[PDB]
Every structure is written in C-alpha cells, then in structure tokens.
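Those protein sequences? They're chains A and B, same order as listed.
Every letter in the first sequence is one number past the one before it in this note's numbering, and letter 44, counting from 1, is 1083.
Every letter in the second sequence is one number past the one before it in this note's numbering, and letter 35, counting from 1, is 46.
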Amino acid sequence: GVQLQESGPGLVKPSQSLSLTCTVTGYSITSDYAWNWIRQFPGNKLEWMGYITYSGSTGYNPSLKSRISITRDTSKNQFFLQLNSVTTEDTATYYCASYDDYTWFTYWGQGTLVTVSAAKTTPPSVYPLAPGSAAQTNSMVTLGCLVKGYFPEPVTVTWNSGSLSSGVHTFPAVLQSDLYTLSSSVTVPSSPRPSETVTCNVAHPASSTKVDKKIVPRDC
Amino acid sequence: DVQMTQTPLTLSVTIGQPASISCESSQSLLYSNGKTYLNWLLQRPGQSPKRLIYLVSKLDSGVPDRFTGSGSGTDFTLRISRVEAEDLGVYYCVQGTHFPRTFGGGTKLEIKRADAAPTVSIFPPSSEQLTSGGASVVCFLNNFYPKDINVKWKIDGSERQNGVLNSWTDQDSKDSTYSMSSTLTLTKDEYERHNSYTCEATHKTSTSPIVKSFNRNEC
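1. Does the separation of the CB atoms of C1239 (chain A) and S1223 (chain A) fall below 8 Å?
2. Give me the residue from B:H214, B:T142, B:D167 and B:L120 with the minimum Cα distance to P56 (chain B).
3. By alpha-carbon positions, which one of B:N161, B:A30, B:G116 and B:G144 ends up nearest to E95 (chain B)?
4. Rounded to the nearest angstrom, how far is the Cβ of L1085 (chain A) from that of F78 (chain B), given a contact under 8 Å?
5. Using a Cβ-Cβ distance under 8 Å, would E203 (chain B) count as near chain A?
6. Starting from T180 (chain B), find everything on chain A with Cβ-Cβ shorter than 9 Å and list it in chain order.
7. In or out: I26 (chain B) buried (at least 16 other Cβ within 10 Å) or exposed?
8. Quick one: which unbroken alpha helix (DSSP H) runs of 4-plus residues sit fully inside the region 132-205 of chain B? Chain order, please.
9. Which residue marks the beginning of the beta strand (DSSP E) containing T1092 (chain A), and which one marks its end?
10. Starting from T113 (chain B), find everything on chain A with Cβ-Cβ shorter than 8 Å and list it in chain order.
11. I'd like to know whether the C-beta of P19 (chain B) is nearer than 8 Å to at least one C-beta of chain A.
12. For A1136 (chain A), write down the residues that DSSP places opposite it in a beta bridge.
13. Note down, in chain order, each residue of its chain lying with its Cβ closer than 6 Å to the Cβ of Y1066 (chain A), except the 5 sequence neighbours on either side.
14. Does the distance from the CB of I1068 (chain A) to the CB of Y1093 (chain A) come in under 8 Å?
15. From B:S23, B:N44 and B:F87, pick the residue whose C-alpha is nearest to that of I64 (chain B); which is it?
16. Taking only beta-carbon positions, decide if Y65 (chain B) is within less than 8 Å of chain A.
17. If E1045 (chain A) sits next to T1145 (chain A), beta carbons under 8 Å apart, how far is it from one beta carbon to the other, in whole angstroms?
18. Does any residue of chain A have a CB that is nearer than 8 Å to the CB of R90 (chain B)?
19. For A1245 (chain A), which residues in the same chain have their Cβ closer than 7 Å to its Cβ, ignoring the five residues on either side in sequence?
20. Residue range of the beta strand (DSSP E) that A212 (chain B) falls in?
21. Which residues of the region 1144-1170 of chain A have a Cβ closer than 8 Å to any Cβ of chain B? Give them in chain order.
22. Closest to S143 (chain B) by CA distance: which of A:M1088, A:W1074, A:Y1166 and A:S1200 is it?
23. Using beta-carbon positions only, say whether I133 (chain B) and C210 (chain B) come within less than 8 Å of one another.
24. For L176 (chain B) versus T198 (chain B), is the C-beta distance shorter than 8 Å?
25. Would you say the region 39-54 of chain B touches the region 65-74 of chain B, given that touching needs at least three Cβ pairs under 8 Å?
26. Quick check on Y42 (chain B): buried or exposed, where buried means 16 or more other Cβ atoms within 10 Å of its Cβ?
27. Which first and last residues belong to the beta strand (DSSP E) in which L1043 (chain A) is found?
28. If you draw a straight line from the C-alpha of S23 (chain B) to the C-alpha of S33 (chain B), how long is it?
29. Can you find the residues in the same chain that come closer than 7 Å, C-beta to C-beta, to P220 (chain B), ignoring five residues on each side of it along the sequence?
30. How would you write the range of the beta strand (DSSP E) that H1208 (chain A) sits in, first residue to last?
31. Sorted by chain position, which residues of the same chain lie with C-beta nearer than 8 Å to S1200 (chain A)'s C-beta, five sequence neighbours on each side aside?
32. Closest Cβ-Cβ distance between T1092 (chain A) and chain B: below 8 Å?
33. Is any beta-carbon of chain A found at less than 8 Å from that of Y103 (chain B)?
34. Using the beta-carbon of each residue, which ones in chain A are nearer than 7 Å to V149 (chain B)?
35. Assuming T188 (chain B) contacts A127 (chain B) under a Cβ cut-off of 8 Å, what Cβ separation, rounded to an integer in Å, is found between them?
36. Under the rule that 16 or more other beta-carbon atoms within 10 Å means buried, what is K1252 (chain A), buried or exposed?
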C-alpha cells in the first residue's frame, strides 16, 4: 500500500519559518513522479504551492517564489516544505500529494492544520451537560460535553472511547476571544442513561491533554 | 493565473436524480501533445480531496460508473447520473496544462431532503463550571431540515442577544439533516440573578416556535 503523511508544528508565530515533513511509504520518491505541497485555506480555496521531481528539480508557485523551499532526504524517503516570514494569512491545512495528470497514479496525504498566531497554547476546560429534568417521556435522551477555552485547533471528542458513535453530533469550534469553544451532543435511548455509564473523552494534542468526563445526573 | 470558474457555487439535489457541475477556464486546456489536462476532485466532510477524473473523462480506480466527465477547450462538465448520500461534499476542477496548476472555487453539493423539525434540548450550566465563576447555557437543535433555523434566548422573559455562539454542522451524510449548537455565556453572578432561561427556535416546520426552558431554582 502507498501512503503520504504530513508532520510538523500546528502552531507557528508570525514571522517565524514554517517547516513541514511529508513521509512516503510504499514507493520511492526517486523512481518516478513529482511530489507536491498544496494548501487549503479556511473557506475551501486550494492553492498549489510547489513540487520536487524524482530527479531533484523543483517548481514553485510564482506568488510564493520569494519565500518557498522544497528539499528532500532520498535516504529517508521524505521531502520537506519550508515557508518563510509567515503571516496570519498562512493559516491553512497543508497537504502533500503526488500524482500524474496522465497516468492513474494519484495520492494525497491526510493534511495537517497549521495556525499562525501570537496566542499561546491553552488546554481546554471540559464540562458534562446533563438534563435538568429533561429525561422524562420520550424514549431518547440527549447528553453533551462543553469544550471551551482551548487553543489552538483541534481537539478530538469521542463517547465511551468510540464505543458509542451511533447518534453523535460534534459541533465545529468557534473562535471567541483568541480561544475556541466547541460542543458535542449524543442521543441515547432512555435505557442506557443513567443506567449504564456514558463518558465523553476529550483530547487536545497541542497541550498533551487527555480528559474523560462521566455524565452523571444532577440531584436537583 | 489561469482562472477556473465553477457553477453553481452550491448545488442541491434530490437523492436518485442526476446532477451537473460546470467548470470553465480563461484559456484552452488543450495541450500541444493533443491531451487535455483537467481533473475533478471531491472532498467529503472531514476528509482530503480525492481525484475522481483525469484527462477530462477518464475515471479513477474505484470511482463509480455514475460519474461522467466531458468537455473540451474551455468548457468541461461533471455529470452524476444518479446522486446518492455518499456524494455529499465539495467538487473541484483542477487544471494541469498551464503553470501554475490552479483549482476552481469548488461546488458544494447538498442533498434535498424532506422537511424535519429540530429536536430541542436545553442544558443548565454544570456546577463544575459555575465554580470557575462562569456560566454557559447550552441549547442543541438536532436533525432538522432545511438549514434555515433561527434561535433566540430569553432570560426572565426578556430577549438577550450578546454572548451567543452559534455553530452549524455539515449536512449529515446519513439522514441528510443539519444540527445546530447555541451557547449563551454569562458570568457566575448574572446567571444567579435571573431564574427563567429559554431557548426558542423558529423553523419552516412549524407556525409557532419550539420552546425549551428551565428554572435555575428547580435543580
């Protein structure tokens, strides 16, 4: 199986230099093809940045020329992207991809989110959202988790470690005062809760955070 | 600097019917070797762009018979014979004939669904948060359609607009509905000065708004 994967900081200060690594497994970046770095801006616009051929030659997008660099380490089978004097306008998801507009060869990485900002990394606060006296009639019960005050993106939310996913809606984070707030709701039949336990797991990579919160009812 | 214009920007299609997206460049994409370098990418929510078509009509490995590509020079078209739920996402057309390679704005495909009234649930602040001196009241309006939804908060009968954070989700690829999150944040003190909290929603599904509330003193 073929595969590309990006690695690098998720947070970078403006003016600093962005440095990403793309590792390829299952094919030699020296054999054939051109290896590319593409970025997707929030709003969805994509932007081809540059490439490095299996021969060592590179091509860069004119608008980036002045500050872009793509090199490689053929012995590790990975090529790197270096962008200088990054501004907040460089916040985007960076993908590495390889393809031929002629053959059937096409592979994209998973992408890595890169936020450019002065703000400082901040672990999130997690709060369980239990009904007030909601669980009464209907056979379904909705519960929730509030993830607020973290930075930067992203956080991963699960319920019962993945055990539960059937009816989960995890809402997109909102930036409100240099900090993010996100929420996640889960609806289960009235038989599971509060009978059998329901937990929301939250992980904030940047801050090496791992928090589990059980949704226990309020006595009133 | 070869502009790639797509149309429409957003396409709503009812499951089982054909869909059509149009791509058009500022310059011919026909190359000197007689080959046209135009591809169609698809990006489902939470995932990476995925090529579906190259050389304007050649299908990629694993791409369904449903998709079809055609065009020539400066006008290409992606036709989906019959749409399915697994087709939700953004469609982009790329050009690899003239440097630099450029993409179209992308076309968001939305599934036209049967109207659904939101299921509303409201949550008081958790004692754990109040301790920090903060109070966030949350309101979830799950699985509804269309996306046209309006939320309004009322504390002790009077409307409050400041301190609200709304968040919508992408169309559910499973039932084709949307869900929204509305959070009203107050300080510990202001929350304790009022008792009746109401989350009110107005949607195409009903003539009178859906209401959910709670009294701070009751639990």
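Positions of the beta carbon are idealized from the N, C-alpha and C atoms, including for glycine.
To lay it out plainly:
1. yes
2. B:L120
3. B:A30
4. Contact doesn't hold; Cβ gap of about 20 Å is too wide.
5. no
6. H1208, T1209, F1210 and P1211
7. exposed
8. 138-141 and 199-204
9. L1085 to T1092
10. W1087
11. no
12. A:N1075 and A:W1147
13. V1041
14. yes
15. B:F87
16. yes
17. Not a contact, Cβ separation roughly 17 Å.
18. no
19. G1049, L1050, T1160 and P1191
20. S207 to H214
21. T1145, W1147, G1148, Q1149, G1150, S1164, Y1166, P1167, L1168, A1169 and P1170
22. A:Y1166
23. yes
24. no
25. yes
26. exposed
27. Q1042 to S1046
28. 14 Å
29. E211, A212 and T213
30. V1207 to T1209
31. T1238 and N1240
32. no
33. yes
34. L1168, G1183, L1185 and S1222
35. 6 Å
36. buried
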